[PDB]
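I have placed the structure first, in the form of structure tokens, so that the comments after it can refer back to it.
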Amino acid sequence: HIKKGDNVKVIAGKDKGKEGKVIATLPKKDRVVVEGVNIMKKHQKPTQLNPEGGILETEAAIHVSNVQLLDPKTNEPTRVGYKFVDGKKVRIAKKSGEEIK
RNA sequence: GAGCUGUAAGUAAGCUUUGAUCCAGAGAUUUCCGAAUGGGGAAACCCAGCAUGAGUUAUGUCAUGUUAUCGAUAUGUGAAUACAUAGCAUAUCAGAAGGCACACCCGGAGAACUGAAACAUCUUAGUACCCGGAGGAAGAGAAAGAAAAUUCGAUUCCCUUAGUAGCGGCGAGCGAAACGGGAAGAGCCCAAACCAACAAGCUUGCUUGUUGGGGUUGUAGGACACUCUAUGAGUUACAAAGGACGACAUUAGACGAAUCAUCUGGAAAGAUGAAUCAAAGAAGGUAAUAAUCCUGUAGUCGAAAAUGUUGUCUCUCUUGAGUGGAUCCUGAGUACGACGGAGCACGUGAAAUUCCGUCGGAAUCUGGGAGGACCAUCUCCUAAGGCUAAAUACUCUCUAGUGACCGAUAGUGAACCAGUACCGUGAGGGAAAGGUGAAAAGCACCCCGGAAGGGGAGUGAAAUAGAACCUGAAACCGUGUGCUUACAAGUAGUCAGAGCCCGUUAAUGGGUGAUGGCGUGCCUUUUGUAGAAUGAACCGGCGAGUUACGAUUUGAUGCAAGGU
RNA sequence: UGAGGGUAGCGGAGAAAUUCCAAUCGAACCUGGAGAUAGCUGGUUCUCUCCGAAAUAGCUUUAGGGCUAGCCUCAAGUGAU
RNA sequence: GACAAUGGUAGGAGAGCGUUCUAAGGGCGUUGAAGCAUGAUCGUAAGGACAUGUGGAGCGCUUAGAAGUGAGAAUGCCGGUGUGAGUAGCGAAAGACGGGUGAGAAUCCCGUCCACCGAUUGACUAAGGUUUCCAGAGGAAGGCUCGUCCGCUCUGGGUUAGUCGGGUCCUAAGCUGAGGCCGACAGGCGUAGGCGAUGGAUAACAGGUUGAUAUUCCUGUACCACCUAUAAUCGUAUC
RNA sequence: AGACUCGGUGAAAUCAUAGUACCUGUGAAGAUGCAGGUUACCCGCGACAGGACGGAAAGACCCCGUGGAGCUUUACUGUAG
Ligand SMILES: [Mg+2]
Ligand SMILES: [Mg+2]
């Protein structure tokens, strides 16, 4: 449904109305990671070798039914359908009709 | 069709768009113990034999291969005893054993307390235990039958007959069947009389010994006597047993319609507004309550393959009736009777029909049996050989799905890695356990401390949710404060009431109590309890007239000489 | 007195006491029939309104139990008995 | 609106509140439900609301249905907490001091003096237990107090055989048993052969060493079984 | 040696709520709790044993149950041999 490399649009969250890209999708818990969306402030272990007494800020994963794949030819995040006469499913946006990648 | 390396968190070193992980079918590997099977044993271990093979100049040491016991086909081979037979030595042999679903079924054996208000015949009960046999079901089965009509035409299971006929220290209690309505519904193979061969008789025998042909019943049917047909008919679930070609079902899987913006919020699925799809408003999750966000549902769609169910195509195999009447056949230590027991609903009773142990013991179609002792005529039926599907009883399991069923003392003993800690020499007994948050963002850094544990700062909607982690009751232990008590005899309350400190759901209010009157706790069992008669330390959970099939009366309601 | 063994519950063993057989023996322990049976004891949970008894007779393998009669209760019927 | 009735145990009759669940109609809820806590309120009784606090997502009302439908007692059953009470105990028995160690010492380690067993409270091996043994770090629990200590927790280590005790050797009591003999089934007995040491047979002794092993490891000298080369060889020798 | 004051750890049987006096009476006939009187300021610690019908074991004796069991005989009915 949603994979890494394509834009999204958060529809339901504290950081809604924000585009971005997918970083890494947890497939079992159905959670995706988008940059700049639901960022943390981790109290890191400053006895680690890397830093000197600080607070990390890495993005936190959101569930896959909070992003929605967009093709703004009519300024709209759409849903996905599947067409194939080529031996492999080419992904189709049903609300506009164009072939996306 | 892009992330994966079981719990997996944590790092390490990697693999994958030349399709990895993950899912389904089919083949490969499957150490040692176990029926244990080369011998031994205190299971999971110890000792060997004969063949081929490595190794060493050679023994020691290793790998593969086999070798249990009965049975029954075989080949030998001397039997005590000449012939020859029980013994013995070998080749083979998907032959056998044990495990179970503690369920259902059929046989062998087979109790007790209990009910009878004691108890022995009897009932509990042919039940519980135990032992043997199997099956996907098993058992019964093709009338020596029911029955009294101008009879119908195997068995099995449900409804009714009926708690009626009966049996019963005639006590307690046990308790049918046929008729009638149904679920299901097919019937067939031998033995004998006999004809033909081959090993023993001139033998007298087609009969005996073997093997093929014949032949199956009561309206009496077959040997034998005669003609008139000889290709259509098949089953391998009964009746004899050996293959292909694609239809459909199962174990992976794919597609699958339609919502946008504001208010409160940490977050929209919510209320207020406009839109839409609907053979799809079942259900679950997503930062709260979603027909339209996700996984899906109604509907279509899909098999390289391995089983499974059937259609028709082979292919195997097969004679079908009638009339006659002379002769032969139609299951023998069988049927049945006396003595002793069992079982039929029926307890030796006048006791039929059915099987067991012991002795007696038949008739042969003008025969033999039954119709509840028995006998006589009318009536149905053919005993002493065997094999048979379905309707029926179950559930350790696999897949979809339901519930006026439970919600952590509940429902399984068990939601936690349960028949596990732990108790017992042994068989055997057997509990305790669940919840951070939407997301680990699980408390960086300073400070008292040896550390625990704290208090700030920080993440978070809230840590007064910090792994003693949701809400947090009472008992019981504390710290604070308004009234009060050190001359009094108290089931601790009640009614009358000064003085003091307060100010509610606003009504002739609340807390405290100097002094006066009355007043011997609560249940349970008793003629009668303050009782020195019984029970409870306290607080919290759990903890007892229920359901079924009948009976009778009452209330309702529908019809009413008819109801159902 | 050590070590390895044998006898088992209708039964073993007993220089004999009803003695011992896994801290129990006038007949062991464990699961099953079994939720055995009990005329005998304890227990039996919400509230108000109306009426309100008996502890006697007869028979009992009966005497602290039972059945009918007596006394209470609710509804129908005769209707001053 | 008159006149009437109304103590009550066994027991008969009537009328109601409440709890979980389902069906139908209507409704509140993150501008905060259930649950819990405080209150001076309402009804003839069981019982009903409402007002602030804590709580964080589901719950009541009207009519009818169906019950695992109501707890003060059963020497009731599981869980919690008290009174007895800071009471009875602390499990035979000789300790005293100087030094270190430590946040902390009558208790731990080292030293001197003192006492106790000495046919044993000493030294080796069977039975049984199964890591306890040993060095380095620990102080929450266990130890009848304390603890720096440990038979308790974490990490890393420890058991060497031709000759000792067993097996490749033998048989007692007993056990099992090819054929066989008996028995409703299960199964009981038993001949040849097997199994079975607490017994018979059976070739190695001193000294050294580790933080933990020693007839096992290595120092010096041995011995029994087997195999291969071998020479003096004896020959129907011999097995 | 235990007890007794101090330092360390720290149980148990028992228990309806307790601010828990005596005398002669009454009473289920033996009263801390009732009636009438008399003494009695509030709270501890060491002792003793008259009472709380003191604590522990649903009397252990004796009647009762148409309860159970073991043994016994010329009780009844059976059975191994
Ligand atoms: Mg049977
Ligand atoms: Mg008293």
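Numbering starts fresh at 1 for the residues of each chain in the structure tokens, the chains themselves are lettered A, B, ... in the order given, and ligands are numbered from 1 as they appear.
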
**Request:** Give me the residues within 10 Å of residue 17 in chain B as a list in words, counting only C-alpha atoms (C1' of nucleotides) and dropping any in the same chain fewer than 3 places off.
**Result:** residues 1, 2 and 20 of chain B

Would you mind exporting N, CA and C atoms (P, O5', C5', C4', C3', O3' and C1' of nucleotides) of the selected residues as a PDB file, in the first residue's frame?
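out15.pdb written:
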ATOM      1  P     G B   1       1.835  -9.399  -4.885  1.00  0.00           P
ATOM      2  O5'   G B   1       3.276  -8.868  -4.476  1.00  0.00           O
ATOM      3  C5'   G B   1       3.591  -8.622  -3.111  1.00  0.00           C
ATOM      4  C4'   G B   1       5.052  -8.306  -2.903  1.00  0.00           C
ATOM      5  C3'   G B   1       5.529  -6.976  -3.478  1.00  0.00           C
ATOM      6  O3'   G B   1       6.524  -6.435  -2.617  1.00  0.00           O
ATOM      7  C1'   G B   1       6.799  -8.734  -4.396  1.00  0.00           C
ATOM      8  P     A B   2       6.697  -4.849  -2.465  1.00  0.00           P
ATOM      9  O5'   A B   2       7.926  -4.699  -1.465  1.00  0.00           O
ATOM     10  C5'   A B   2       7.742  -4.818  -0.059  1.00  0.00           C
ATOM     11  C4'   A B   2       9.054  -4.916   0.684  1.00  0.00           C
ATOM     12  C3'   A B   2      10.002  -3.728   0.519  1.00  0.00           C
ATOM     13  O3'   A B   2      10.669  -3.469   1.750  1.00  0.00           O
ATOM     14  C1'   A B   2      11.082  -5.717  -0.168  1.00  0.00           C
ATOM     15  P     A B  20      12.556 -15.577  -4.013  1.00  0.00           P
ATOM     16  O5'   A B  20      12.548 -15.392  -2.437  1.00  0.00           O
ATOM     17  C5'   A B  20      13.365 -16.201  -1.610  1.00  0.00           C
ATOM     18  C4'   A B  20      14.712 -15.571  -1.370  1.00  0.00           C
ATOM     19  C3'   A B  20      15.248 -15.653   0.045  1.00  0.00           C
ATOM     20  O3'   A B  20      15.756 -16.923   0.392  1.00  0.00           O
ATOM     21  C1'   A B  20      15.534 -13.473  -0.743  1.00  0.00           C
TER      22        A B  20
END

Taking only C-alpha atoms (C1' of nucleotides) and all ligand atoms into account, report as a PDB file with N, CA, C and O atoms (P, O5', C5', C4', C3', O3' and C1' of nucleotides), in the first residue's frame which residues have an atom no farther than 12 Å from an atom of ligand 1.
ATOM      1  P     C B 105     -22.695 -48.247  23.267  1.00  0.00           P
ATOM      2  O5'   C B 105     -22.359 -49.269  22.106  1.00  0.00           O
ATOM      3  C5'   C B 105     -23.179 -49.357  20.960  1.00  0.00           C
ATOM      4  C4'   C B 105     -22.617 -50.358  19.995  1.00  0.00           C
ATOM      5  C3'   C B 105     -22.519 -51.781  20.509  1.00  0.00           C
ATOM      6  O3'   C B 105     -23.745 -52.477  20.401  1.00  0.00           O
ATOM      7  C1'   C B 105     -20.517 -51.165  19.394  1.00  0.00           C
ATOM      8  P     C B 106     -24.142 -53.589  21.482  1.00  0.00           P
ATOM      9  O5'   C B 106     -23.274 -54.849  21.068  1.00  0.00           O
ATOM     10  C5'   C B 106     -23.601 -55.592  19.908  1.00  0.00           C
ATOM     11  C4'   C B 106     -22.522 -56.582  19.568  1.00  0.00           C
ATOM     12  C3'   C B 106     -22.280 -57.677  20.586  1.00  0.00           C
ATOM     13  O3'   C B 106     -23.216 -58.734  20.497  1.00  0.00           O
ATOM     14  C1'   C B 106     -20.221 -56.756  19.911  1.00  0.00           C
ATOM     15  P     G B 107     -23.676 -59.524  21.817  1.00  0.00           P
ATOM     16  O5'   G B 107     -22.309 -60.038  22.439  1.00  0.00           O
ATOM     17  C5'   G B 107     -22.226 -61.283  23.107  1.00  0.00           C
ATOM     18  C4'   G B 107     -20.882 -61.925  22.894  1.00  0.00           C
ATOM     19  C3'   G B 107     -20.227 -62.505  24.130  1.00  0.00           C
ATOM     20  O3'   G B 107     -20.749 -63.761  24.512  1.00  0.00           O
ATOM     21  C1'   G B 107     -18.658 -61.198  22.993  1.00  0.00           C
ATOM     22  P     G B 108     -21.251 -63.985  26.014  1.00  0.00           P
ATOM     23  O5'   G B 108     -19.925 -64.340  26.804  1.00  0.00           O
ATOM     24  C5'   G B 108     -19.092 -65.383  26.342  1.00  0.00           C
ATOM     25  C4'   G B 108     -17.698 -65.282  26.901  1.00  0.00           C
ATOM     26  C3'   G B 108     -17.572 -65.370  28.406  1.00  0.00           C
ATOM     27  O3'   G B 108     -17.606 -66.709  28.848  1.00  0.00           O
ATOM     28  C1'   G B 108     -16.207 -63.627  27.578  1.00  0.00           C
ATOM     29  P     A B 109     -18.372 -67.104  30.193  1.00  0.00           P
ATOM     30  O5'   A B 109     -18.115 -65.876  31.141  1.00  0.00           O
ATOM     31  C5'   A B 109     -18.138 -66.054  32.538  1.00  0.00           C
ATOM     32  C4'   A B 109     -17.034 -65.269  33.172  1.00  0.00           C
ATOM     33  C3'   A B 109     -17.412 -64.503  34.415  1.00  0.00           C
ATOM     34  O3'   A B 109     -17.407 -65.295  35.576  1.00  0.00           O
ATOM     35  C1'   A B 109     -16.327 -63.064  32.952  1.00  0.00           C
ATOM     36  P     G B 110     -18.653 -65.226  36.568  1.00  0.00           P
ATOM     37  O5'   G B 110     -18.836 -63.676  36.849  1.00  0.00           O
ATOM     38  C5'   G B 110     -17.967 -62.998  37.735  1.00  0.00           C
ATOM     39  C4'   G B 110     -18.271 -61.524  37.818  1.00  0.00           C
ATOM     40  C3'   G B 110     -19.628 -61.135  38.341  1.00  0.00           C
ATOM     41  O3'   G B 110     -19.767 -61.320  39.726  1.00  0.00           O
ATOM     42  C1'   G B 110     -19.091 -59.769  36.523  1.00  0.00           C
ATOM     43  P     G B 126     -30.601 -54.893  34.384  1.00  0.00           P
ATOM     44  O5'   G B 126     -30.100 -56.225  33.667  1.00  0.00           O
ATOM     45  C5'   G B 126     -29.129 -56.198  32.622  1.00  0.00           C
ATOM     46  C4'   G B 126     -27.723 -56.025  33.147  1.00  0.00           C
ATOM     47  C3'   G B 126     -26.632 -55.913  32.086  1.00  0.00           C
ATOM     48  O3'   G B 126     -25.629 -55.010  32.554  1.00  0.00           O
ATOM     49  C1'   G B 126     -26.121 -57.672  33.541  1.00  0.00           C
ATOM     50  P     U B 127     -24.705 -54.198  31.523  1.00  0.00           P
ATOM     51  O5'   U B 127     -24.267 -52.909  32.332  1.00  0.00           O
ATOM     52  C5'   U B 127     -25.091 -51.759  32.368  1.00  0.00           C
ATOM     53  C4'   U B 127     -24.821 -50.955  33.606  1.00  0.00           C
ATOM     54  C3'   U B 127     -23.353 -50.747  33.936  1.00  0.00           C
ATOM     55  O3'   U B 127     -22.771 -49.666  33.225  1.00  0.00           O
ATOM     56  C1'   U B 127     -24.491 -51.505  35.857  1.00  0.00           C
ATOM     57  P     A B 128     -21.225 -49.697  32.780  1.00  0.00           P
ATOM     58  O5'   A B 128     -20.410 -49.610  34.141  1.00  0.00           O
ATOM     59  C5'   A B 128     -20.260 -48.376  34.823  1.00  0.00           C
ATOM     60  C4'   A B 128     -19.406 -48.518  36.055  1.00  0.00           C
ATOM     61  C3'   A B 128     -18.003 -49.045  35.841  1.00  0.00           C
ATOM     62  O3'   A B 128     -17.099 -48.077  35.343  1.00  0.00           O
ATOM     63  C1'   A B 128     -18.976 -50.154  37.665  1.00  0.00           C
ATOM     64  P     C B 129     -16.025 -48.473  34.214  1.00  0.00           P
ATOM     65  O5'   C B 129     -15.114 -49.564  34.913  1.00  0.00           O
ATOM     66  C5'   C B 129     -14.060 -49.152  35.760  1.00  0.00           C
ATOM     67  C4'   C B 129     -13.548 -50.268  36.627  1.00  0.00           C
ATOM     68  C3'   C B 129     -12.596 -51.242  35.981  1.00  0.00           C
ATOM     69  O3'   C B 129     -11.293 -50.733  35.780  1.00  0.00           O
ATOM     70  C1'   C B 129     -14.162 -52.441  37.241  1.00  0.00           C
ATOM     71  P     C B 130     -10.626 -50.860  34.331  1.00  0.00           P
ATOM     72  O5'   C B 130     -10.368 -52.417  34.154  1.00  0.00           O
ATOM     73  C5'   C B 130      -9.400 -53.098  34.931  1.00  0.00           C
ATOM     74  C4'   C B 130      -9.514 -54.587  34.751  1.00  0.00           C
ATOM     75  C3'   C B 130      -9.202 -55.117  33.367  1.00  0.00           C
ATOM     76  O3'   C B 130      -7.817 -55.278  33.129  1.00  0.00           O
ATOM     77  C1'   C B 130     -11.218 -56.059  34.132  1.00  0.00           C
ATOM     78  P     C B 131      -7.204 -55.034  31.668  1.00  0.00           P
ATOM     79  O5'   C B 131      -7.666 -56.307  30.849  1.00  0.00           O
ATOM     80  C5'   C B 131      -7.198 -57.592  31.206  1.00  0.00           C
ATOM     81  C4'   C B 131      -7.886 -58.677  30.420  1.00  0.00           C
ATOM     82  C3'   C B 131      -7.921 -58.499  28.915  1.00  0.00           C
ATOM     83  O3'   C B 131      -6.712 -58.824  28.264  1.00  0.00           O
ATOM     84  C1'   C B 131     -10.052 -59.136  29.670  1.00  0.00           C
ATOM     85  P     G B 132      -6.343 -58.107  26.881  1.00  0.00           P
ATOM     86  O5'   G B 132      -7.263 -58.828  25.807  1.00  0.00           O
ATOM     87  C5'   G B 132      -6.991 -60.158  25.403  1.00  0.00           C
ATOM     88  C4'   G B 132      -8.078 -60.716  24.520  1.00  0.00           C
ATOM     89  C3'   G B 132      -8.299 -60.022  23.190  1.00  0.00           C
ATOM     90  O3'   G B 132      -7.354 -60.390  22.203  1.00  0.00           O
ATOM     91  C1'   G B 132     -10.376 -60.388  24.223  1.00  0.00           C
TER      92        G B 132
END

Protein and nucleic acid residues within 8 Å of ligand 2 (only C-alpha atoms (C1' of nucleotides) and all ligand atoms) as a list in words
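These are the residues that qualify: residues 532 of chain B; 32 and 52 of chain E.
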
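Residues of chain A that DSSP places in strand (DSSP E or B), based on the backbone of this structure, are residues 7, 21, 22, 26, 31, 32, 34, 39, 42, 43, 55, 56, 59, 62, 63, 70, 77, 80, 81, 82, 83, 90, 91, 92, 93 and 99 of chain A.
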
Test item: residues at most 12 Å from residue 7 in chain E, only C-alpha atoms (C1' of nucleotides), excluding those fewer than 2 positions along its chain, as a PyMOL selection string: (chain D and resi 145-146) or (chain E and resi 5+9)

Pick out the residues sitting within 12 Å of residue 97 in chain A, and hand them over as an MDAnalysis selection string; count only C-alpha atoms (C1' of nucleotides), and ignore anything fewer than 3 positions along from it in its own chain.
-> chainID A and resid 71:74 78:83 90:94 100

Requested in this report: For CA of residue 6 in chain A and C1' of residue 14 in chain B, quote the distance in Å rounded to one decimal.
Outcome: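 One can read the CA of residue 6 in chain A to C1' of residue 14 in chain B distance as 28.1 Å.
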
Contact residues around residue 35 in chain E with only C-alpha atoms (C1' of nucleotides) at 12 Å, ignoring same-chain residues under 3 positions, as a PDB file with N, CA, C and O atoms (P, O5', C5', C4', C3', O3' and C1' of nucleotides), in the first residue's frame:
ATOM      1  P     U B 520     -32.562  -4.137  81.974  1.00  0.00           P
ATOM      2  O5'   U B 520     -31.611  -5.176  81.242  1.00  0.00           O
ATOM      3  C5'   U B 520     -30.491  -4.723  80.504  1.00  0.00           C
ATOM      4  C4'   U B 520     -29.309  -5.637  80.642  1.00  0.00           C
ATOM      5  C3'   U B 520     -29.326  -6.894  79.804  1.00  0.00           C
ATOM      6  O3'   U B 520     -28.963  -6.662  78.463  1.00  0.00           O
ATOM      7  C1'   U B 520     -28.601  -7.389  81.997  1.00  0.00           C
TER       8        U B 520
ATOM      9  P     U E  24     -22.258 -12.937 100.697  1.00  0.00           P
ATOM     10  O5'   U E  24     -23.823 -12.916 100.934  1.00  0.00           O
ATOM     11  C5'   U E  24     -24.353 -12.772 102.234  1.00  0.00           C
ATOM     12  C4'   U E  24     -25.675 -12.060 102.194  1.00  0.00           C
ATOM     13  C3'   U E  24     -26.754 -12.696 101.343  1.00  0.00           C
ATOM     14  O3'   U E  24     -27.407 -13.789 101.949  1.00  0.00           O
ATOM     15  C1'   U E  24     -26.652 -10.396 100.877  1.00  0.00           C
ATOM     16  P     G E  25     -28.176 -14.858 101.035  1.00  0.00           P
ATOM     17  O5'   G E  25     -29.530 -14.126 100.656  1.00  0.00           O
ATOM     18  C5'   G E  25     -30.174 -14.371  99.418  1.00  0.00           C
ATOM     19  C4'   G E  25     -30.933 -13.158  98.952  1.00  0.00           C
ATOM     20  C3'   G E  25     -31.738 -13.337  97.687  1.00  0.00           C
ATOM     21  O3'   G E  25     -33.022 -13.862  97.958  1.00  0.00           O
ATOM     22  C1'   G E  25     -30.427 -11.391  97.513  1.00  0.00           C
ATOM     23  P     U E  26     -33.543 -15.188  97.232  1.00  0.00           P
ATOM     24  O5'   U E  26     -33.922 -14.701  95.770  1.00  0.00           O
ATOM     25  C5'   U E  26     -35.126 -13.994  95.529  1.00  0.00           C
ATOM     26  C4'   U E  26     -35.100 -13.342  94.176  1.00  0.00           C
ATOM     27  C3'   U E  26     -35.072 -14.291  92.994  1.00  0.00           C
ATOM     28  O3'   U E  26     -36.357 -14.723  92.613  1.00  0.00           O
ATOM     29  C1'   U E  26     -33.399 -12.637  92.738  1.00  0.00           C
ATOM     30  P     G E  27     -36.570 -16.229  92.132  1.00  0.00           P
ATOM     31  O5'   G E  27     -35.703 -16.324  90.811  1.00  0.00           O
ATOM     32  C5'   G E  27     -36.160 -15.716  89.621  1.00  0.00           C
ATOM     33  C4'   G E  27     -35.136 -15.799  88.522  1.00  0.00           C
ATOM     34  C3'   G E  27     -34.706 -17.187  88.133  1.00  0.00           C
ATOM     35  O3'   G E  27     -35.648 -17.866  87.334  1.00  0.00           O
ATOM     36  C1'   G E  27     -32.807 -15.838  88.357  1.00  0.00           C
TER      37        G E  27
END

List the neighbours of range 37-44 of chain E out to 12 Å using only C-alpha atoms (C1' of nucleotides); skip same-chain residues closer than 5 positions along the sequence, and give me the result as number ranges by chain. B: 485-489; E: 21-25

Check your understanding: Pick from A:59, A:98, A:3, A:52: nearest to residue 27 in chain A, with only C-alpha atoms counted?
Key ->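 Residue with the minimum atom-to-atom distance to residue 27 in chain A: A:3.
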
>> Can you pull out the residues contacting residue 88 in chain D? Cut-off 10 Å, using only C-alpha atoms (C1' of nucleotides), and skip same-chain residues under 5 positions away; I want them as JSON, numbers by chain.
In response: {"E": [10, 11, 12]}

Identify all chain B residues at most 10 Å from chain A by counting only C-alpha atoms (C1' of nucleotides); ligands do not count. Present them as a PyMOL selection string.
-> chain B and resi 1-3+255-256+266-268+286-287+293-294+439-445+458-459
